[PDB]
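Shown next: model.pdb, containing PDB, C-alpha atoms (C1' of nucleotides).
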```pdb
MODEL        1
ATOM      1  CA  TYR A   3     126.891 -63.980 264.892  1.00  0.00           C
ATOM      2  CA  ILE A   4     127.065 -61.231 262.275  1.00  0.00           C
ATOM      3  CA  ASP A   5     126.946 -62.887 258.862  1.00  0.00           C
ATOM      4  CA  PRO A   6     127.631 -60.738 255.810  1.00  0.00           C
ATOM      5  CA  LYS A   7     125.604 -60.716 252.582  1.00  0.00           C
ATOM      6  CA  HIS A   8     127.552 -61.813 249.502  1.00  0.00           C
ATOM      7  CA  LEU A   9     125.622 -64.937 248.440  1.00  0.00           C
ATOM      8  CA  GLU A  10     122.301 -65.404 246.703  1.00  0.00           C
ATOM      9  CA  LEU A  11     119.076 -65.323 248.692  1.00  0.00           C
ATOM     10  CA  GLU A  12     115.581 -66.759 248.529  1.00  0.00           C
ATOM     11  CA  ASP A  13     112.393 -65.314 249.973  1.00  0.00           C
ATOM     12  CA  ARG A  14     108.925 -66.611 250.689  1.00  0.00           C
ATOM     13  CA  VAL A  15     106.259 -64.449 252.295  1.00  0.00           C
ATOM     14  CA  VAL A  16     104.944 -66.945 254.830  1.00  0.00           C
ATOM     15  CA  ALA A  17     102.033 -65.027 256.323  1.00  0.00           C
ATOM     16  CA  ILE A  18     100.484 -61.592 256.826  1.00  0.00           C
ATOM     17  CA  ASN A  19      97.645 -60.460 259.090  1.00  0.00           C
ATOM     18  CA  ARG A  20      95.899 -57.115 258.830  1.00  0.00           C
ATOM     19  CA  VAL A  21      96.245 -55.581 262.288  1.00  0.00           C
ATOM     20  CA  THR A  22      94.298 -52.600 263.631  1.00  0.00           C
ATOM     21  CA  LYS A  23      94.455 -49.982 266.362  1.00  0.00           C
ATOM     22  CA  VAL A  24      91.499 -47.997 267.682  1.00  0.00           C
ATOM     23  CA  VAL A  25      91.579 -44.223 268.092  1.00  0.00           C
ATOM     24  CA  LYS A  26      88.809 -41.722 268.780  1.00  0.00           C
ATOM     25  CA  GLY A  27      86.837 -42.021 265.609  1.00  0.00           C
ATOM     26  CA  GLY A  28      87.217 -45.364 263.904  1.00  0.00           C
ATOM     27  CA  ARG A  29      90.014 -47.899 263.570  1.00  0.00           C
ATOM     28  CA  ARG A  30      93.280 -47.793 261.637  1.00  0.00           C
ATOM     29  CA  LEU A  31      94.696 -50.958 260.103  1.00  0.00           C
ATOM     30  CA  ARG A  32      98.296 -51.945 259.456  1.00  0.00           C
ATOM     31  CA  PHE A  33      99.675 -54.954 257.588  1.00  0.00           C
ATOM     32  CA  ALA A  34     102.510 -56.882 259.187  1.00  0.00           C
ATOM     33  CA  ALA A  35     104.790 -59.335 257.415  1.00  0.00           C
ATOM     34  CA  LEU A  36     106.749 -62.487 258.158  1.00  0.00           C
ATOM     35  CA  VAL A  37     109.514 -63.544 255.771  1.00  0.00           C
ATOM     36  CA  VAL A  38     112.443 -65.926 256.065  1.00  0.00           C
ATOM     37  CA  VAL A  39     115.560 -65.780 253.902  1.00  0.00           C
ATOM     38  CA  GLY A  40     118.027 -68.417 252.804  1.00  0.00           C
ATOM     39  CA  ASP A  41     120.326 -69.578 250.036  1.00  0.00           C
ATOM     40  CA  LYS A  42     119.270 -73.262 250.092  1.00  0.00           C
ATOM     41  CA  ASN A  43     122.775 -74.228 251.115  1.00  0.00           C
ATOM     42  CA  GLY A  44     122.841 -73.959 254.903  1.00  0.00           C
ATOM     43  CA  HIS A  45     122.165 -70.356 255.868  1.00  0.00           C
ATOM     44  CA  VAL A  46     118.771 -69.183 257.070  1.00  0.00           C
ATOM     45  CA  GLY A  47     117.079 -66.344 258.907  1.00  0.00           C
ATOM     46  CA  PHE A  48     113.768 -64.555 259.215  1.00  0.00           C
ATOM     47  CA  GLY A  49     112.440 -61.093 259.921  1.00  0.00           C
ATOM     48  CA  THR A  50     109.293 -58.975 260.194  1.00  0.00           C
ATOM     49  CA  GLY A  51     107.935 -55.450 259.847  1.00  0.00           C
ATOM     50  CA  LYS A  52     104.797 -53.454 259.298  1.00  0.00           C
ATOM     51  CA  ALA A  53     103.563 -50.686 257.028  1.00  0.00           C
ATOM     52  CA  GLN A  54     100.357 -49.218 255.656  1.00  0.00           C
ATOM     53  CA  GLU A  55     100.494 -51.247 252.433  1.00  0.00           C
ATOM     54  CA  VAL A  56     101.552 -54.795 251.759  1.00  0.00           C
ATOM     55  CA  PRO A  57     104.390 -54.463 249.213  1.00  0.00           C
ATOM     56  CA  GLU A  58     105.989 -51.831 251.408  1.00  0.00           C
ATOM     57  CA  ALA A  59     105.632 -54.038 254.470  1.00  0.00           C
ATOM     58  CA  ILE A  60     107.134 -57.050 252.740  1.00  0.00           C
ATOM     59  CA  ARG A  61     110.050 -54.998 251.471  1.00  0.00           C
ATOM     60  CA  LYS A  62     110.695 -53.853 255.031  1.00  0.00           C
ATOM     61  CA  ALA A  63     110.535 -57.357 256.458  1.00  0.00           C
ATOM     62  CA  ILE A  64     112.802 -58.680 253.714  1.00  0.00           C
ATOM     63  CA  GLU A  65     115.419 -56.041 254.439  1.00  0.00           C
ATOM     64  CA  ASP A  66     115.160 -56.972 258.107  1.00  0.00           C
ATOM     65  CA  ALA A  67     115.715 -60.722 257.953  1.00  0.00           C
ATOM     66  CA  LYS A  68     119.026 -60.438 256.132  1.00  0.00           C
ATOM     67  CA  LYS A  69     120.716 -59.384 259.381  1.00  0.00           C
ATOM     68  CA  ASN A  70     120.140 -62.691 261.215  1.00  0.00           C
ATOM     69  CA  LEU A  71     121.724 -65.790 259.700  1.00  0.00           C
ATOM     70  CA  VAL A  72     122.414 -69.218 261.176  1.00  0.00           C
ATOM     71  CA  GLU A  73     124.558 -72.162 260.141  1.00  0.00           C
ATOM     72  CA  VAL A  74     122.440 -75.360 260.129  1.00  0.00           C
ATOM     73  CA  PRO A  75     125.251 -77.943 260.100  1.00  0.00           C
ATOM     74  CA  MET A  76     124.297 -80.762 257.754  1.00  0.00           C
ATOM     75  CA  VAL A  77     125.600 -84.163 256.726  1.00  0.00           C
ATOM     76  CA  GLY A  78     124.333 -85.742 253.529  1.00  0.00           C
ATOM     77  CA  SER A  79     121.284 -83.490 253.199  1.00  0.00           C
ATOM     78  CA  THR A  80     119.816 -84.467 256.564  1.00  0.00           C
ATOM     79  CA  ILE A  81     120.266 -83.145 260.101  1.00  0.00           C
ATOM     80  CA  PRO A  82     123.228 -84.646 261.962  1.00  0.00           C
ATOM     81  CA  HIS A  83     121.102 -86.151 264.755  1.00  0.00           C
ATOM     82  CA  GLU A  84     117.858 -85.843 266.704  1.00  0.00           C
ATOM     83  CA  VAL A  85     116.992 -82.510 268.314  1.00  0.00           C
ATOM     84  CA  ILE A  86     114.147 -80.697 270.105  1.00  0.00           C
ATOM     85  CA  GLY A  87     113.696 -76.938 270.251  1.00  0.00           C
ATOM     86  CA  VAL A  88     111.222 -75.038 272.430  1.00  0.00           C
ATOM     87  CA  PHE A  89     110.429 -71.314 272.609  1.00  0.00           C
ATOM     88  CA  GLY A  90     107.314 -70.072 274.379  1.00  0.00           C
ATOM     89  CA  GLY A  91     104.936 -72.859 273.465  1.00  0.00           C
ATOM     90  CA  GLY A  92     106.875 -73.883 270.368  1.00  0.00           C
ATOM     91  CA  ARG A  93     107.537 -77.600 270.772  1.00  0.00           C
ATOM     92  CA  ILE A  94     109.180 -78.814 267.573  1.00  0.00           C
ATOM     93  CA  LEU A  95     110.582 -82.316 267.073  1.00  0.00           C
ATOM     94  CA  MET A  96     113.063 -83.254 264.354  1.00  0.00           C
ATOM     95  CA  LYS A  97     114.696 -86.557 263.461  1.00  0.00           C
ATOM     96  CA  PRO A  98     116.972 -87.639 260.622  1.00  0.00           C
ATOM     97  CA  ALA A  99     115.558 -89.454 257.599  1.00  0.00           C
ATOM     98  CA  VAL A 100     116.411 -91.843 254.789  1.00  0.00           C
ATOM     99  CA  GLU A 101     117.831 -90.580 251.512  1.00  0.00           C
ATOM    100  CA  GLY A 102     115.287 -89.645 248.874  1.00  0.00           C
ATOM    101  CA  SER A 103     112.428 -89.978 251.340  1.00  0.00           C
ATOM    102  CA  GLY A 104     111.101 -86.418 251.433  1.00  0.00           C
ATOM    103  CA  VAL A 105     110.395 -83.842 254.113  1.00  0.00           C
ATOM    104  CA  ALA A 106     107.282 -84.473 256.221  1.00  0.00           C
ATOM    105  CA  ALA A 107     106.712 -81.307 258.229  1.00  0.00           C
ATOM    106  CA  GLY A 108     104.009 -78.729 258.748  1.00  0.00           C
ATOM    107  CA  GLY A 109     103.642 -75.544 256.777  1.00  0.00           C
ATOM    108  CA  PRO A 110     105.516 -72.809 258.620  1.00  0.00           C
ATOM    109  CA  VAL A 111     108.383 -75.084 259.579  1.00  0.00           C
ATOM    110  CA  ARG A 112     108.533 -76.464 256.047  1.00  0.00           C
ATOM    111  CA  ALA A 113     109.486 -73.025 254.742  1.00  0.00           C
ATOM    112  CA  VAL A 114     112.388 -72.802 257.184  1.00  0.00           C
ATOM    113  CA  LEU A 115     113.649 -76.308 256.524  1.00  0.00           C
ATOM    114  CA  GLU A 116     113.467 -75.976 252.756  1.00  0.00           C
ATOM    115  CA  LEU A 117     115.243 -72.635 252.393  1.00  0.00           C
ATOM    116  CA  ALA A 118     118.028 -74.003 254.569  1.00  0.00           C
ATOM    117  CA  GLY A 119     118.757 -76.625 251.920  1.00  0.00           C
ATOM    118  CA  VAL A 120     117.280 -79.692 253.611  1.00  0.00           C
ATOM    119  CA  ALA A 121     116.355 -82.700 251.496  1.00  0.00           C
ATOM    120  CA  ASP A 122     115.069 -85.470 253.786  1.00  0.00           C
ATOM    121  CA  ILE A 123     113.743 -84.882 257.301  1.00  0.00           C
ATOM    122  CA  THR A 124     110.719 -85.453 259.528  1.00  0.00           C
ATOM    123  CA  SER A 125     108.988 -83.327 262.136  1.00  0.00           C
ATOM    124  CA  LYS A 126     105.788 -82.785 264.092  1.00  0.00           C
ATOM    125  CA  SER A 127     104.453 -79.586 265.621  1.00  0.00           C
ATOM    126  CA  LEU A 128     103.431 -79.954 269.253  1.00  0.00           C
ATOM    127  CA  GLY A 129     101.172 -77.293 270.711  1.00  0.00           C
ATOM    128  CA  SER A 130     101.531 -73.807 269.292  1.00  0.00           C
ATOM    129  CA  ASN A 131     100.460 -73.085 265.743  1.00  0.00           C
ATOM    130  CA  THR A 132     101.084 -69.347 265.511  1.00  0.00           C
ATOM    131  CA  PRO A 133     103.103 -68.627 262.359  1.00  0.00           C
ATOM    132  CA  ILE A 134     105.668 -66.680 264.407  1.00  0.00           C
ATOM    133  CA  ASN A 135     106.488 -68.597 267.567  1.00  0.00           C
ATOM    134  CA  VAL A 136     106.660 -71.768 265.503  1.00  0.00           C
ATOM    135  CA  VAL A 137     109.379 -70.192 263.385  1.00  0.00           C
ATOM    136  CA  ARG A 138     111.269 -68.926 266.420  1.00  0.00           C
ATOM    137  CA  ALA A 139     111.139 -72.354 268.042  1.00  0.00           C
ATOM    138  CA  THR A 140     112.299 -73.957 264.825  1.00  0.00           C
ATOM    139  CA  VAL A 141     115.310 -71.676 264.554  1.00  0.00           C
ATOM    140  CA  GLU A 142     116.107 -72.338 268.185  1.00  0.00           C
ATOM    141  CA  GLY A 143     116.032 -76.049 267.450  1.00  0.00           C
ATOM    142  CA  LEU A 144     118.428 -75.673 264.550  1.00  0.00           C
ATOM    143  CA  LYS A 145     120.701 -73.627 266.805  1.00  0.00           C
ATOM    144  CA  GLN A 146     121.205 -76.800 268.851  1.00  0.00           C
ATOM    145  CA  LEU A 147     122.727 -79.142 266.256  1.00  0.00           C
ATOM    146  CA  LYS A 148     126.079 -80.493 267.423  1.00  0.00           C
ATOM    147  CA  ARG A 149     128.706 -81.820 265.044  1.00  0.00           C
ATOM    148  CA  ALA A 150     131.136 -84.712 264.713  1.00  0.00           C
ATOM    149  CA  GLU A 151     134.115 -82.434 264.124  1.00  0.00           C
ATOM    150  CA  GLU A 152     133.137 -80.011 266.880  1.00  0.00           C
ATOM    151  CA  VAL A 153     132.719 -82.808 269.405  1.00  0.00           C
ATOM    152  CA  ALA A 154     135.904 -84.462 268.184  1.00  0.00           C
ATOM    153  CA  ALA A 155     137.776 -81.295 269.067  1.00  0.00           C
ATOM    154  CA  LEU A 156     135.880 -80.602 272.291  1.00  0.00           C
ATOM    155  CA  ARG A 157     136.255 -83.986 273.910  1.00  0.00           C
ATOM    156  CA  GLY A 158     139.762 -85.336 274.244  1.00  0.00           C
ATOM    157  CA  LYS A 159     139.691 -88.090 271.650  1.00  0.00           C
ATOM    158  CA  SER A 160     139.304 -87.786 267.889  1.00  0.00           C
ATOM    159  CA  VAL A 161     136.419 -88.746 265.624  1.00  0.00           C
ATOM    160  CA  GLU A 162     136.146 -92.358 264.412  1.00  0.00           C
ATOM    161  CA  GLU A 163     136.815 -93.119 268.066  1.00  0.00           C
ATOM    162  CA  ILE A 164     133.567 -91.447 269.096  1.00  0.00           C
ATOM    163  CA  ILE A 165     131.368 -93.920 267.261  1.00  0.00           C
TER
ATOM    164  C1'   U B   1     108.997 -95.626 259.992  1.00  0.00           C
ATOM    165  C1'   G B   2     105.941 -88.970 263.355  1.00  0.00           C
ATOM    166  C1'   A B   3     103.391 -82.894 257.949  1.00  0.00           C
ATOM    167  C1'   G B   4      98.295 -79.816 259.256  1.00  0.00           C
ATOM    168  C1'   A B   5      93.890 -76.243 258.714  1.00  0.00           C
ATOM    169  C1'   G B   6      89.177 -73.239 260.254  1.00  0.00           C
ATOM    170  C1'   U B   7      86.490 -71.075 264.651  1.00  0.00           C
ATOM    171  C1'   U B   8      86.413 -66.819 271.251  1.00  0.00           C
ATOM    172  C1'   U B   9      89.259 -60.763 269.844  1.00  0.00           C
ATOM    173  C1'   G B  10      88.769 -53.568 267.904  1.00  0.00           C
ATOM    174  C1'   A B  11      93.271 -56.191 267.089  1.00  0.00           C
ATOM    175  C1'   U B  12      97.522 -59.869 270.702  1.00  0.00           C
ATOM    176  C1'   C B  13      99.700 -64.250 273.338  1.00  0.00           C
ATOM    177  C1'   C B  14      98.100 -68.639 276.083  1.00  0.00           C
ATOM    178  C1'   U B  15      94.793 -72.472 278.045  1.00  0.00           C
ATOM    179  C1'   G B  16      90.647 -74.821 275.565  1.00  0.00           C
ATOM    180  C1'   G B  17      86.438 -77.399 273.187  1.00  0.00           C
ATOM    181  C1'   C B  18      83.818 -78.360 268.258  1.00  0.00           C
ATOM    182  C1'   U B  19      84.592 -79.289 262.837  1.00  0.00           C
ATOM    183  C1'   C B  20      87.623 -80.812 258.276  1.00  0.00           C
ATOM    184  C1'   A B  21      91.260 -83.216 254.965  1.00  0.00           C
ATOM    185  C1'   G B  22      93.152 -90.419 255.353  1.00  0.00           C
ATOM    186  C1'   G B  23      91.904 -95.399 255.350  1.00  0.00           C
ATOM    187  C1'   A B  24      87.976-100.172 255.567  1.00  0.00           C
ATOM    188  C1'   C B  25      83.044-102.796 255.182  1.00  0.00           C
ATOM    189  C1'   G B  26      79.150-109.526 254.982  1.00  0.00           C
ATOM    190  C1'   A B  27      76.775-102.915 253.945  1.00  0.00           C
ATOM    191  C1'   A B  28      72.476-100.025 252.405  1.00  0.00           C
ATOM    192  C1'   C B  29      70.274 -96.060 249.017  1.00  0.00           C
ATOM    193  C1'   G B  30      70.635 -92.078 244.664  1.00  0.00           C
ATOM    194  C1'   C B  31      72.227 -91.357 239.694  1.00  0.00           C
ATOM    195  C1'   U B  32      74.124 -93.608 236.306  1.00  0.00           C
ATOM    196  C1'   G B  33      76.157 -99.302 232.602  1.00  0.00           C
ATOM    197  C1'   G B  34      80.429-103.410 228.158  1.00  0.00           C
ATOM    198  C1'   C B  35      83.210-107.555 229.339  1.00  0.00           C
ATOM    199  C1'   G B  36      86.622-111.091 231.064  1.00  0.00           C
ATOM    200  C1'   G B  37      89.769-113.381 235.494  1.00  0.00           C
ATOM    201  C1'   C B  38      89.118-114.916 240.974  1.00  0.00           C
ATOM    202  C1'   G B  39      86.174-114.214 245.361  1.00  0.00           C
ATOM    203  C1'   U B  40      81.364-113.354 248.567  1.00  0.00           C
ATOM    204  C1'   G B  41      75.844-113.286 249.638  1.00  0.00           C
ATOM    205  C1'   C B  42      69.704-113.579 256.511  1.00  0.00           C
ATOM    206  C1'   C B  43      74.299-109.531 260.891  1.00  0.00           C
ATOM    207  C1'   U B  44      67.082-108.720 262.178  1.00  0.00           C
ATOM    208  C1'   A B  45      62.842-113.555 264.532  1.00  0.00           C
ATOM    209  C1'   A B  46      67.410-119.923 268.202  1.00  0.00           C
ATOM    210  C1'   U B  47      60.291-116.858 264.052  1.00  0.00           C
ATOM    211  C1'   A B  48      56.300-120.623 261.496  1.00  0.00           C
ATOM    212  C1'   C B  49      57.114-123.913 257.742  1.00  0.00           C
ATOM    213  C1'   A B  50      53.453-126.421 252.398  1.00  0.00           C
ATOM    214  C1'   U B  51      56.921-129.150 248.473  1.00  0.00           C
ATOM    215  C1'   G B  52      61.321-132.596 246.726  1.00  0.00           C
ATOM    216  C1'   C B  53      65.645-134.900 248.096  1.00  0.00           C
ATOM    217  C1'   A B  54      69.813-134.911 252.490  1.00  0.00           C
ATOM    218  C1'   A B  55      71.865-142.817 254.933  1.00  0.00           C
ATOM    219  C1'   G B  56      72.188-147.121 253.891  1.00  0.00           C
ATOM    220  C1'   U B  57      74.452-151.727 252.772  1.00  0.00           C
ATOM    221  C1'   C B  58      75.776-157.560 252.600  1.00  0.00           C
ATOM    222  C1'   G B  59      72.916-163.761 248.664  1.00  0.00           C
ATOM    223  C1'   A B  60      80.549-165.611 249.759  1.00  0.00           C
ATOM    224  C1'   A B  61      75.796-165.535 257.654  1.00  0.00           C
ATOM    225  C1'   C B  62      70.301-168.102 256.964  1.00  0.00           C
ATOM    226  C1'   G B  63      65.722-170.038 255.685  1.00  0.00           C
ATOM    227  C1'   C B  64      61.374-168.242 252.337  1.00  0.00           C
ATOM    228  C1'   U B  65      58.166-166.247 248.075  1.00  0.00           C
ATOM    229  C1'   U B  66      57.118-164.256 242.591  1.00  0.00           C
ATOM    230  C1'   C B  67      58.593-164.724 237.862  1.00  0.00           C
ATOM    231  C1'   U B  68      61.691-165.591 232.062  1.00  0.00           C
ATOM    232  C1'   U B  69      64.076-168.925 229.450  1.00  0.00           C
ATOM    233  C1'   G B  70      56.074-182.764 235.699  1.00  0.00           C
ATOM    234  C1'   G B  71      61.432-182.805 236.425  1.00  0.00           C
ATOM    235  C1'   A B  72      66.377-178.057 234.611  1.00  0.00           C
ATOM    236  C1'   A B  73      69.687-174.564 236.017  1.00  0.00           C
ATOM    237  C1'   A B  74      70.539-169.615 235.184  1.00  0.00           C
ATOM    238  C1'   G B  75      68.966-164.739 235.178  1.00  0.00           C
ATOM    239  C1'   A B  76      65.205-161.454 237.180  1.00  0.00           C
TER
ENDMDL
END
```
Kindly transcribe the structure held in the file into structure tokens.
Amino acid sequence: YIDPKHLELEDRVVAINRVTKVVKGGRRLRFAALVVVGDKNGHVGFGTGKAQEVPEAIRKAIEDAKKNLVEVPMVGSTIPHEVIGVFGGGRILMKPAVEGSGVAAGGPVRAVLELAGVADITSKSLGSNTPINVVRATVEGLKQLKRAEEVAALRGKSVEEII
RNA sequence: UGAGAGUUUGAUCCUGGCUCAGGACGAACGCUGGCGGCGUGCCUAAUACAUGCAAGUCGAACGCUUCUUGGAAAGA
């Protein structure tokens, strides 16, 4: 839902692509932007925007992303279980990992996973490789992580009985 | 114990082919060079082969012959 902004943030301009539009005469080019934001503790989001010049565009996109933030429940610096998230061609697979192993995941999804404060994880893109839909599918995947406590409360019994 | 990138378009998403980054080898060739330790070396014509060796032994199974010390045994 609506998350405020009172914690530190981190930014990484993932990708930009000079985009044009034709009009009687020549062509006119804009520069979009694609930035995700996090605090490397378990809060992540991303945004976008476009402007005539690149610093302006990235400032816009930055200001955008800070209005979408997700939770990413973690346990011991690794996702709580296996998950699969799909959004319009974005197949993204994620599985837990061993301590101190290291993240093995493609570029665009690496930026998401890192800024969320993830230490050891594995993944594999499957299909789409657009720097946008991949990110959307990733975030959808993260939105699916269940949790021991949450399930303990949902189902009748209590945790350490759901083993 | 599961990482991706470039390329169709004025720019977009998708389907889609081609190419690249990793390893190994009875290896060959091109430039280049000190060694020690352990390994390996006709994949082609099961093509033709000069040369030297690569299977003999037993005198306590048996009769002979030549010697080196007219009969002597030993050794050869």
Query raised in the report: Please, what distance in Å, to one decimal, runs between CA of residue 51 in chain A and CA of residue 32 in chain A?
Result: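 Distance between the two atoms: 10.3 Å.
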Report task. Hey, list the chain B side of the contact with chain A: 8 Å cut-off, only C-alpha atoms (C1' of nucleotides), answer as a ChimeraX atom specification. Result -> /B:2-4,10-11
Requested in this report: Please identify all polymer residues within 10 Å of residue 88 in chain A, counting all atoms listed in the file, omitting same-chain residues fewer than 5 positions from it, and present them as a PyMOL selection string.
Outcome: chain A and resi 93-95+128+135-136+138-143
The selected residues should be written to file as an mmCIF file, in the frame of the given file (atoms: C-alpha atoms).
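New file again-v4.cif:
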```
data_model
loop_
_atom_site.group_PDB
_atom_site.id
_atom_site.type_symbol
_atom_site.label_atom_id
_atom_site.label_comp_id
_atom_site.auth_asym_id
_atom_site.auth_seq_id
_atom_site.Cartn_x
_atom_site.Cartn_y
_atom_site.Cartn_z
ATOM 1 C CA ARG A 93 107.537 -77.600 270.772
ATOM 2 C CA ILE A 94 109.180 -78.814 267.573
ATOM 3 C CA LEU A 95 110.582 -82.316 267.073
ATOM 4 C CA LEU A 128 103.431 -79.954 269.253
ATOM 5 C CA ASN A 135 106.488 -68.597 267.567
ATOM 6 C CA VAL A 136 106.660 -71.768 265.503
ATOM 7 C CA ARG A 138 111.269 -68.926 266.420
ATOM 8 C CA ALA A 139 111.139 -72.354 268.042
ATOM 9 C CA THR A 140 112.299 -73.957 264.825
ATOM 10 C CA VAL A 141 115.310 -71.676 264.554
ATOM 11 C CA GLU A 142 116.107 -72.338 268.185
ATOM 12 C CA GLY A 143 116.032 -76.049 267.450
#
```
Query raised in the report: Quick one: residues within 9 Å of residue 69 in chain A, all atoms listed in the file counted, chain neighbours fewer than 2 positions away excluded, as a list in words?
Result: residues 4, 5, 6, 7, 47, 48, 49, 65, 66, 67 and 71 of chain A
Specify as a PDB file with C-alpha atoms (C1' of nucleotides), keeping the file's coordinate frame each residue included when the PyMOL selection byres ((chain B and resi 56-67) around 9) is applied to this file.
```
ATOM      1  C1'   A B  55      71.865-142.817 254.933  1.00  0.00           C
ATOM      2  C1'   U B  68      61.691-165.591 232.062  1.00  0.00           C
ATOM      3  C1'   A B  76      65.205-161.454 237.180  1.00  0.00           C
TER       4        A B  76
END
```
Requested in this report: Considering all atoms listed in the file, state which residue in the set A:89, A:70, A:122, A:84 is at the smallest distance from residue 103 in chain A.
Outcome: A:122
Query raised in the report: Any idea what the distance is between CA of residue 145 in chain A and CA of residue 82 in chain A?
Result: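 Those two atoms sit 12.3 Å apart.
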Could you work out an axis-aligned box for range 6-20 of chain A, taking every atom the file lists and adding 8 Å on each side, and report centre and edge lengths in Å to one decimal, as lines of an AutoDock Vina configuration file?
```
center_x = 111.8
center_y = -62.0
center_z = 252.9
size_x = 47.7
size_y = 25.8
size_z = 28.4
```
**Report entry** Residue members of the PyMOL selection byres ((chain A and resi 73-75) around 8) in the file shown, as a list in words
**Finding:**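 Those residues are residues 44, 45, 46, 71, 72, 76, 77, 81, 82, 118, 144, 145, 147, 148 and 149 of chain A.
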Take the residues from that selection and put them in a file with C-alpha atoms, as a compact mmCIF listing (two decimals), in the frame of the given file.
```
# COMPACT_ATOMS: atom_id res chain seq x y z
CA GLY A 44 122.84 -73.96 254.90
CA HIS A 45 122.16 -70.36 255.87
CA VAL A 46 118.77 -69.18 257.07
CA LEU A 71 121.72 -65.79 259.70
CA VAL A 72 122.41 -69.22 261.18
CA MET A 76 124.30 -80.76 257.75
CA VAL A 77 125.60 -84.16 256.73
CA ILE A 81 120.27 -83.14 260.10
CA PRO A 82 123.23 -84.65 261.96
CA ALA A 118 118.03 -74.00 254.57
CA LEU A 144 118.43 -75.67 264.55
CA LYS A 145 120.70 -73.63 266.80
CA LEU A 147 122.73 -79.14 266.26
CA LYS A 148 126.08 -80.49 267.42
CA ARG A 149 128.71 -81.82 265.04
```
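Each of A:83, A:42, A:134, A:151 was compared to residue 13 in chain B using all atoms listed in the file, and A:134 turns out to be the nearest.
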